[PDB]
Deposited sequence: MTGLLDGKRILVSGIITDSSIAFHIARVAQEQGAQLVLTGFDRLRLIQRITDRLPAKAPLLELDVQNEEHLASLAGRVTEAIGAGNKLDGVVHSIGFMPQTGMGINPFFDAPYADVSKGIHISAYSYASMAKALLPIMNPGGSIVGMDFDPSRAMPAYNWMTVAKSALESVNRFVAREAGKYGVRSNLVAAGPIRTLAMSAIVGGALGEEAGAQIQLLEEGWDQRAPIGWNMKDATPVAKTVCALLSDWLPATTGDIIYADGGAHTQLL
């Protein structure tokens, strides 16, 4: 009997076998959660990657920028686990920022039309996903989305950082709204995962940080999807090896 017995859990973000949405989904099922998976564009590719999970699940199409996808979303999830069954958990593990405002491109050279699409998919779609799903969730349930410490600036991360800071604010409001269903909303701020800054991360981490290992981040999302943190919401747990709390 693992952490997630009898729990029906939605999981977005699976694109590659190296995705955090993958290791989270794999770990959930490894603990009893019966999963429902969602996918963005390459519907048939990620179908073949989900098949490599310990167990199979009703993968569903979900482009967060498409309004019809959200409207339908809820009722389609009902069809996959059977009507009169609701969701105990949901996982938002999605992000997107065009090269224009993220990476090597100067912070100033990023048009708003590029940034807004970055914030649409990475921040706003947290609320929108909650909106589409709360109605079909059970009390004592959990919504958990991916974060990356944005409280300070850095190279490359540029406007994605600004999207994460948008997310954090969005998390706190979704919590307000989510509380009416007896639902908790939290963010897991992870350390950098392969999918200077990383040689220093593992230094700063008092227990180390292995950027090739996404399992320690998944275990932490399962804890948030479990009943063992029933009094925390609108909040950020940090799975970065303790890096953020260490200057040098």
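Self-check item: Sequence order list of spans that the model leaves without C-alpha positions, deposited numbering
Solution: According to the record, the gaps fall at 1, 197 to 216.
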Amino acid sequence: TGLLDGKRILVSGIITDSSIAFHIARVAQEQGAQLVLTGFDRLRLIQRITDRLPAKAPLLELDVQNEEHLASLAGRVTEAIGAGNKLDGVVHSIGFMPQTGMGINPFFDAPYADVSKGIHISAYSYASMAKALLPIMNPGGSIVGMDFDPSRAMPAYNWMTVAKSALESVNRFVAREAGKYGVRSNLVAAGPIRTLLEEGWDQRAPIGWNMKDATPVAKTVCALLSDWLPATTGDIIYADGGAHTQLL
From here on, numbers count along this sequence of modelled residues.
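Quiz item: Between 70 to 78 and 85 to 93, which has the larger average Cα B-factor in the PDB entry?
Solution: Per the deposited B-factors, the answer is 70 to 78.
Quiz item: Between 20 to 28 and 225 to 233, which has the larger average Cα B-factor in the PDB entry?
Solution: Higher mean C-alpha B-factor: 20 to 28.
Quiz prompt | Top Cα B factor in the deposited entry, candidates 36, 218, 207, 45 | solution = Of 36, 218, 207, 45, 45 has the highest C-alpha B-factor.
Quiz item: Between 187, 211, 183, 190, which carries the biggest CA temperature factor in the record?
Solution: Highest CA B-factor of the listed options: 211.
Quiz item: residue 4's Cα B-factor: lowest, middle or highest third of the chain?
Solution: Answer is highest: the recorded C-alpha B-factor places it there.
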